[PDB]
Amino acid sequence: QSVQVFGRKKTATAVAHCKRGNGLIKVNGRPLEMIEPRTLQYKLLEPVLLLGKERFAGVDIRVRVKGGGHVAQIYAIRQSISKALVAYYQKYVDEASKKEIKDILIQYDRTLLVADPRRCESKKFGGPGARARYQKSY
Amino acid sequence: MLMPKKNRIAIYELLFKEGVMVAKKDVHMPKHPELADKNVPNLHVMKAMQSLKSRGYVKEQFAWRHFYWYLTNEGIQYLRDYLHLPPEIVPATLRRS
Amino acid sequence: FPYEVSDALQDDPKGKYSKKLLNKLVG
Amino acid sequence: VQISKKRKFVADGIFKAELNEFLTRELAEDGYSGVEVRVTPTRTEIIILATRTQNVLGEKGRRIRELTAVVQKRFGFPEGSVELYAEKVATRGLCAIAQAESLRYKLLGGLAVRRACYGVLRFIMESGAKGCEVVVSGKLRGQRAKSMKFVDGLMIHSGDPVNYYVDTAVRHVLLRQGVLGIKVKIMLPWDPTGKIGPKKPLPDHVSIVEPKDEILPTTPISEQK
RNA sequence: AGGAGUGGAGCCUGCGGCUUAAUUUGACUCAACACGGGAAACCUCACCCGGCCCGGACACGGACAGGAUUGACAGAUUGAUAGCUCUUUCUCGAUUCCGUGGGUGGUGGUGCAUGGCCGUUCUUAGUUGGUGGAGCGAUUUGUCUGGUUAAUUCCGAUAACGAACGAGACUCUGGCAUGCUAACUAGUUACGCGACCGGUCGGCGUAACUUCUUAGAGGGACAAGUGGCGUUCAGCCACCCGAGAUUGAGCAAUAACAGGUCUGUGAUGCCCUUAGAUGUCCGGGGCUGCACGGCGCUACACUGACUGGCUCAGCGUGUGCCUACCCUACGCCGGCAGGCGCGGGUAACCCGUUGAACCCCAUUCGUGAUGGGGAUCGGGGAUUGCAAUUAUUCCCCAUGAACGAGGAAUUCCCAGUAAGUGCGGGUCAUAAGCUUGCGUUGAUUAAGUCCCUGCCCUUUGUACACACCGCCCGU
């Protein structure tokens with residue numbers, strides 16, 4: 001089964017392997033419900049279980065995102081959930097269901113999926129850092 | 001420091017049979033692997049070559065810490081007629097065509 | 001046109017030799 | 001034994017620098033323009049690009065042979081494993097090194113600075129370049145030093161298209177007073193080997209290629225055969 | 001407007017003071033001073049000093065056939081391999097002090113004789129012809145009233161029209177790709193493994209792969225847009241089919257400097273003459289004779305704790321070709337610097353899944369001298385390198401000189417910046433509290449100004465042109 005949507009936030013290394021079963025996300029051996037940060041749990045568990053627990057029983061996904069940093073794998077798991085659901089319901093249900101699930105996943109997130117090329121910036125000679133110099137001139 | 005004559009004669013013979021000498025030589029150390037078997041201090045060779053240039057018989061070029069000499073007919077004739085080394089030895093600067 | 005005196009003048013238009021170069025350029 | 005890849009690249013670079021400097025010092029009387037180097041398994045071929053071939057090969061091919069020796073004995077190649085040839089570059093005025101050498105030679109013969117510079121600029125204009133500037137810096141007249149330059153045509157000073165569109169050469173000429181520096185900079189035309197003409201698309205600069213417009217027949221009736 | 005800062009409450013060097021030299025060789029600053037990639041125990045610019053030398057081995061004034069060219073060495077040969085106290089004194093040993101030319105070593109001048117290469121004016125937007133116009137002329141117009149851009153950027157106006165350099169475009173670089181008829185380093189559709197509610201086929205190797213990784217090769221999407229302001233133009237400010245709406249650097253013009261470099265140079269003008277010659281020998285040693293109002297450091301505190309939490313976020317070096325001197329995993333000496341041994345690595349293949357924070361934070365915070373030092377010398381035992389004496393020694397141990405961001409005055413700073421921390425590379429036989437790069441980090445911003453210090457344009461004044469550090473007047 002190929003959906004080809006992935007989940008990728010920042011530079012975390014992720015895998016989305018799809019084959020029918022329950023939708024579970026494994027993070028450091030900790031599944032989706034019991035998560036590694038242990039402090040952002042509700043913000044990730046709210047969208048799926050309040051609508052149904054068998055909701056993820058459609059296609060199992062090996063999601064083994066070796067993410068370091070809480071902002072890294074947190075919200076990457078929800079990126080993966082939304083992307084996998086939208087692609088599965090796109091390719092393998094019908095167009096009208098595509099439209100409605102896309103509407104609910106877009107009221108989930110208006111436009112923040114993909115970013116611009118930027119990261120920590122380079123250092124220049126003549127100073128200790130990117131934009132800083134040596135002793136001051138008052 | 002030692003000043004011999006037959007070591008310089010051997011150096012002259014190798015120069016004639018080659019055109020240039022291939023032996024790295026250091027003033028500080030008596031022996032270098034390339035310098036060996038031709039045990040004459042670098043200083044001797046370059047001082048003799050500076051005296052030769054002050055006299056003038058040979059051609060030369062310099063590049064990136066290296067000498068590149070050229071022995072013409074004048075130097076061949078001079079090494080022929082001074083050291084009475086007969087022309088049974090043929091110079092190596094005219095090989096092939 | 002002679003260029004040697006022209007260059008000598010153009011190097012220093014008010015030098016010690018300016019008068020002679022300008023005079024040589026006239027004729 | 002074998003060394004690492006980055007070290008082999010650095011070593012071939014230093015070898016090329018050695019070779020270029022050596023052939024500029026040695027072949028400074030013929031008129032030296034450049035070198036090309038090609039590699040096949042254990043066969044390395046070097047070509048000296050110069051304006052005068054009948055003068056660089058020498059009598060019975062002496063110098064061209066002798067060079068091999070001073071390569072073989074220096075670079076450490078195995079015996080008989082180095083080959084080198086001689087061809088003449090198609091043009092001369094488009095190589096900044098060649099014209100810098102020419103200006104250096106003219107100032108070596110006592111020809112005056114301004115007339116020599118005028119000659120080289122006129123040559124470059126007649127060569128096909130759309131711009132050249134040459135600077136002679138140092139003592140030309142008097143104890144103090146003048147920097148005198150002539151520029152004609154066009155010349156970009158900034159941006160990337162100054163590496164693949166401008167050729168620059170810096171050389172020195174000795175004198176009873178001191179050293180004179182010669183800087184020659186040349187613009188190149190659009191298409192390779194000195195603007196042969198349009199070829200397979202490799203765009204590099206802005207151009208407005210205007211073809212011939214379509215023409216309609218004046219006669220009311222059309223062509224009859 | 002603030003944050004971090006500072007000869008104050010540690011560490012590295014550049015002046016506050018100098019005559020057994022002890023340090024300033026480049027300074028009119030901000031264009032000297034952790035700068036000469038200049039961390040000198042190598043012989044450092046020798047430096048200061050009982051330093052065996054000749055490093056005249058450029059051919060021609062005297063020139064012998066021994067210029068006189070060692071010593072671990074018993075107070076008489078008074079330093080670890082300097083017979084430099086005393087006619088002692090030797091297993092290669094004949095080897096001269098110089099007139100036609102930058103020669104002893106070419107790091108010694110003149111960088112105001114120069115080149116080249118840099119720095120600065122230059123971080124700003126300026127600069128120049130040709131033809132034409134104005135003026136006797138120097139010169140001017142073009143190069144501008146204005147709108148108004150980061151911008152001589154562009155609309156436009158127009159005695160100017162056409163052009164040239166710079167700016168932009170350009171190049172490299174950055175939280176963007178469901179094609180790489182793409183990959184043993186990275187998981188994998190249907191094989192052959194397989195408890196378990198189509199997987200150890202990444203443990204032969206999926207010939208389709210690809211999603212992360214290769215930022216490794218081929219791509220597009222600020223206007224098939226909206227609102228408002230503006231001459232409805234050039235443009236600017238906010239957003240309703242919507243990944244992308246100022247990344248950071250490189251290059252960087254004309255004209256200039258008596259800016260720096262002759263101590264980078266086989267890039268070079270103008271030179272010296274005669275004995276422990278700047279090159280070998282200097283146990284000891286050069287700024288170190290120094291008190292955080294020149295880079296890199298202390299938060300009087302839940303934003304902070306020692307792994308009950310990491311399937312991690314992440315530059316770039318590394319061995320023998322001259323040349324022995326590289327990176328190191330793993331065992332033992334071990335509860336450890338350091339030593340031994342087979343092993344891997346010319347490198348996405350080995351160091352290595354580089355120990356680049358420990359988010360619940362399993363010694364565990366009430367009026368916080370006392371986790372925000374522990375104002376550092378005792379201890380298994382202390383180095384692949386002669387010299388570690390102000391220095392690569394090394395794995396680590398109770399409150400105690402500071403107390404809430406410590407002002408005379410200062411070659412800092414606005415979207416992963418400031419500031420913590422650390423890790424690399426250059427230097428590196430030994431070594432970085434130096435420099436150059438690399439990592440987890442943001443905005444409701446101040447979407448400002450010309451009051452300081454400066455720069456640019458226009459008008460204007462000038463007795464200035466060596467150009468206000470000017471000229472100049474008088475006792």
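Quick note on labels: first sequence line is chain A, next is B, and so on, each numbered from 1. Values below: all heavy atoms of this structure, side chains included; hydrogens, waters and symmetry mates excluded.
- Nucleotide E:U254 is shown with a syn base, its glycosidic torsion being within 90° of 0.
- Following rounding to the nearest Å, A:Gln135 (CD) and E:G296 (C1') show an atom-to-atom distance of 13 Å.
- B:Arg65 comes within 4.0 angstrom of no nucleic acid atom, judged by non-hydrogen atoms across all strands.
- Of the candidates E:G199, E:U436, E:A313, E:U436 carries the atom nearest the A:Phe125 side chain, counting heavy atoms from C-beta on.
- The pairing partner recorded for E:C423 is E:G437, the criterion being a Watson-Crick or G-U wobble arrangement whose two distances lie under 3.5 angstrom.
- Judged by atom type and distance alone, A:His17 does not reach the base of E:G187 through any side-chain donor-acceptor pair under 3.5 Å.
- Between the side chains of D:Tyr164 and D:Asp204, no donor-acceptor pair of N or O atoms lies under 3.5 Å.
- Between E:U213 and A:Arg8, a contact under 4.0 Å exists linking OP1 or OP2 to a side-chain N or O.
- Within the 4.0 angstrom heavy-atom criterion, no nucleotide atom of any strand lies near D:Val206.
- When Watson-Crick and G-U wobble pairs are counted only if both distances are under 3.5 Å, E:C239 pairs with E:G225.
- In this structure, D:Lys16 does not pair ionically with D:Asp12, as no charged nitrogen and carboxylate oxygen lie closer than 4.0 Å.
- In this structure, E:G203 forms a base pair with E:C193, meeting either the Watson-Crick or the G-U wobble geometry with both donor-acceptor distances under 3.5 Å.
- When heavy atoms are screened at a 4.0 angstrom cut-off, B:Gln61 is found touching no nucleic acid atom at all.
- In the model, B:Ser51 has a side-chain atom that pairs as donor or acceptor with a side-chain atom of B:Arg55 under 3.5 Å.
- As judged by a 4.0 angstrom heavy-atom cut-off over every strand, A:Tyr134 is placed among residues touching the sugar-phosphate backbone only.
- At the heavy-atom level, A:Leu113 lies nowhere under 4.0 Å from the strands shown.
- Nucleotide E:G345 carries an anti base; the chi torsion (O4'-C1'-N9-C4 or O4'-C1'-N1-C2) is more than 90° from 0.
- Taking the six-membered ring where the residue is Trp, the centroids of D:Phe22 and B:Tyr68 are separated by under 6.0 Å.
- For A:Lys19 and A:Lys26, each mapped to the nucleotide of RNA chain E holding its nearest heavy atom, the one lying further toward the 5' end belongs to A:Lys19.
- Among E:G166, E:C251, E:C359, the nucleotide with an atom closest to any side-chain atom of D:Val162 is E:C251.
- Annotation: side chain of B:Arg80 is in contact with side chain of B:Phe16 (closest heavy-atom distance under 4.5 Å).
- Between A:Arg110 and E:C239 there is no side-chain N or O to OP1 or OP2 distance below 4.0 Å.
- E:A301 is unpaired under the Watson-Crick or G-U wobble criterion, no partner having all donor-acceptor distances under 3.5 Å.
- Here the P atom of nucleotide E:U247 and the CZ atom of A:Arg118 are 8 Å apart, to the nearest Å.
- Using a 4.0 Å heavy-atom distance criterion, B:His32 is classed as a sugar-phosphate-only contact.
- Listed pair D:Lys5 / E:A348 fails the phosphate criterion, with no side-chain N or O lying under 4.0 Å from OP1 or OP2.
- Among the protein residues, A:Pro128 comes within range of the sugar-phosphate backbone only, with heavy atoms under 4.0 Å from sugar or phosphate atoms but none that close to a base.
- Taking side-chain N and O atoms only, D:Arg171 has no distance below 4.0 Å to OP1 or OP2 of E:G115.
- Among the protein residues, A:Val65 comes within range of the nucleic acid bases, having at least one heavy atom under 4.0 Å from a base atom.
- Applying the Watson-Crick and G-U wobble criteria (two distances, each under 3.5 Å), E:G156 pairs with E:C144.
- Contact annotation: A:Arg131 side-chain N/O to E:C414 OP1/OP2 distance is under 4.0 Å.
- Contact annotation: B:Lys47 side-chain N/O to E:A59 OP1/OP2 distance is not under 4.0 Å.
- Neither OP1 nor OP2 of E:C413 sits under 4.0 Å from any side-chain N or O of A:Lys136.
- Counting non-hydrogen atoms under 4.0 angstrom, D:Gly142 reaches nothing in the nucleic acid.
- Taking atom NZ of residue A:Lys124 and atom P of nucleotide E:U123, one finds them 18 Å apart after rounding to whole Å.
- Atom CG of residue A:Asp60 and atom CD1 of residue A:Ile25 lie 10.5 Å apart, to the nearest 0.5 angstrom.
- Nucleic acid contact class of D:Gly181 (heavy atoms, under 4.0 Å, all strands): sugar-phosphate only.
- Both distances falling under 3.5 Å, in either a Watson-Crick or a G-U wobble arrangement, place E:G187 opposite E:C209.
- Entry note: E:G216 and E:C180 meet the pairing test, Watson-Crick or G-U wobble at under 3.5 angstrom for both distances.
- A salt bridge links D:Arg25 with D:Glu21: the distance from a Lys NZ or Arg NE/NH1/NH2 to an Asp or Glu carboxylate oxygen falls below 4.0 Å.
- When both pairing distances are held under 3.5 Å, E:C33 makes no Watson-Crick or G-U pair with any nucleotide shown.
- When heavy atoms are screened at a 4.0 angstrom cut-off, A:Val5 is found touching base atoms of the nucleic acid.
- The base of E:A113 sits within donor-acceptor range of the side chain of D:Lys139, with an N or O pair under 3.5 Å.
- Proximity of B:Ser54 to the phosphate of E:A59: no side-chain N or O atom is located under 4.0 Å from OP1 or OP2.
- Minimum atom distance to the side chain of D:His157 is reached by E:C165, of the listed E:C165, E:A57, E:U311.
- For D:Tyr165 against E:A169, no side-chain N or O and base N or O form a donor-acceptor pair under 3.5 Å.
- To the nearest angstrom, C1' of E:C176 lies 11 Å from NZ of A:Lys83.
- Each of A:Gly7 and B:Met3 was matched to the nucleotide of RNA chain E holding its nearest heavy atom; the match closer to the 5' end belongs to B:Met3.
- In terms of the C1'-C2'-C3'-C4' torsion, E:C302 has a south-puckered sugar. The angle is below zero.
- Residues D:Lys185 and D:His157 form a side-chain contact, since some pair of their non-hydrogen atoms from C-beta on lies under 4.5 Å apart.
- Checking the phosphate oxygens (OP1, OP2) of E:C209, no side-chain nitrogen or oxygen of A:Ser2 falls inside 4.0 Å.
- Proximity of B:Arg55 to the phosphate of E:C58: no side-chain N or O atom is located under 4.0 Å from OP1 or OP2.
- The base of E:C359 sits with one of its N or O atoms less than 3.5 Å from a complementary donor or acceptor on the side chain of A:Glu36.
- Between A:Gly7 and A:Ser80, the shortest heavy-atom contact is CA-OG, 3.7 Å.
- Across all strands shown, D:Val170 has heavy atoms under 4.0 Å from sugar-phosphate atoms exclusively, and none from any base.
- Residue A:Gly21 is classed as having no contact, given no heavy-atom separation below 4.0 Å to the nucleic acid.
- In this structure, E:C60 makes no Watson-Crick or G-U wobble pair, since no nucleotide meets both defining distances under 3.5 angstrom.
- At least one side-chain nitrogen or oxygen of A:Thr11 sits closer than 4.0 Å to the OP1 or OP2 atom of E:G314.
- Contacts of D:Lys149 with the nucleic acid, taken as non-hydrogen atoms under 4.0 Å apart, involve only primed sugar atoms and P, OP1 or OP2.
- Using a 4.0 Å cut-off, some side-chain N or O of D:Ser137 falls inside it from OP1 or OP2 of E:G116.
- The phosphate of E:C412 (OP1 or OP2) has a side-chain N or O of A:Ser137 nearer than 4.0 angstrom.
- The base of E:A258 lies close enough to the side chain of D:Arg144 for a donor and an acceptor atom to sit less than 3.5 Å apart.
- A:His70 contributes a side-chain N or O that forms a donor-acceptor pair with the base of E:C359 under 3.5 Å.
- Regarding contacts with the backbone of E:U323, every side-chain N or O of B:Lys24 stays at 4.0 angstrom or more from both OP1 and OP2.
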